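Have a look below at one chain only, the form deposited in one PDB entry, in structure tokens format.
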């Protein structure tokens, strides 16, 4: 697609493209500017596909409303909420094929790229990331949505503020509570073992519709990975059933399963308690976000900027 190309979103706003700034599977990402405001400052990007983008579109149109997010932050006294802002979307012709685009908030580098020693960050960073995502999860959950794929590759540092962290890629996000109607529990083997096998919930392994607890479980597994440097099931990633039984054994054998895994110069008291609290949730139970943030921060410490320093690694 040529730089200079003017896109027209459903709202009738007009978006001039910049240089490709990467791509995933199903996604090309370009810089973008509105055609009316200045060009000193690329605040905006354009994601393009042509399935999973539509999931994001649904997520972002319903959940990522600026002022509503503004009302929320103010009440709960958060410095910020790790949700990318959404500006509009629409279609555009490239050959004779049509493509779907979404104009998103511009953001910095993803955490996996900037992992510390192996895939490891400093404990107090691991614990703040978990608290930050607890802020995000409360918000999306409250708005009928689960992420279903929390992991380092989908945690981005701010563009404006790098000490700010943001949860992205709502391509596996699921509306668990449409207008207050919680989904029923039904195991479906045919819908079994979607997600990132390393971090996906047991509900996900068993082909259950993702609910609030699955996100909490996922965050649990993630923290464990960012601290201890790997997971008991690092071996069995290609046998998802092996991964499921591993996860099952870890949760049925808490807290020790988790306390034992930590290297000596670090602790898993918080991560262990956190998973213990996550395991005691029924399929349709509201997580106690405030209590889990205490578990992650038992000394009621204030949150510094994120330390990713890799001095010595």
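Shifts are known only where both forms have a C-alpha. For the two forms, the rigid core is made up of the largest set of C-alpha atoms that agree within 1.5 Å on superposition. Positions refer to the first chain, counted from 1.
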For this session: Give yes or no for this: do at least a third of the other compared entries, each modelling residues before and after residue 274, lack coordinates for it?
Result: no
Problem set entry | At least a third of other PDB entries omit residue 33 | no
Exercise. Between residues given as residue 26 and residue 27, how many of the deposited sequence are not built: none, 1 to 3, 4 to 9, or 10 or more?
Worked result: none
For this session: Taking the mean of the C-alpha B-factors per stretch from the entry, tell me the winner out of 113-121 and 147-155.
Result: 113-121
For this session: Give the stretch, out of 275-283 and 63-71, with the larger mean C-alpha temperature factor in the deposited entry.
Result: 63-71
Seminar exercise, completed: Max C-alpha B-factor within the set 189, 220, 96, 195 falls on 96
Exercise. Should residue 162 be placed in the lowest, middle or highest third of its chain by the C-alpha B factor in the entry?
Worked result: highest
Seminar exercise, completed: Of the three thirds of the chain ranked by Cα temperature factor, residue 54 occupies the middle
Exercise. Can you tell me which third, lowest, middle or highest, the CA B-factor of residue 48 falls into for its chain?
Worked result: highest
Exercise. Residue 239's Cα B-factor: lowest, middle or highest third of the chain?
Worked result: middle
For this session: Sort the modelled residues of this chain by their C-alpha B factor and say whether residue 270 lands in the lowest, middle or highest third.
Result: lowest
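We do not show the form deposited in another entry, though everything after this point is about it.
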For this session: Tell me, please, whether between the shown form and the other one the C-alpha of residue 285 is shifted by 2 Å or more, with the rigid core used for superposition.
Result: no
Exercise. Does residue 305 move its CA by 2 angstroms or more between the shown form and the other one when the core is aligned?
Worked result: no
Exercise. After fitting the rigid core, is the C-alpha of residue 41 off by 2 Å or more between the shown form and the other one?
Worked result: yes
Exercise. Do any runs of 3 or more residues shift their CA by 2 Å or more between the shown form and the other one on a core fit, and if so, which ones, in sequence order?
Worked result: 24-26, 37-41
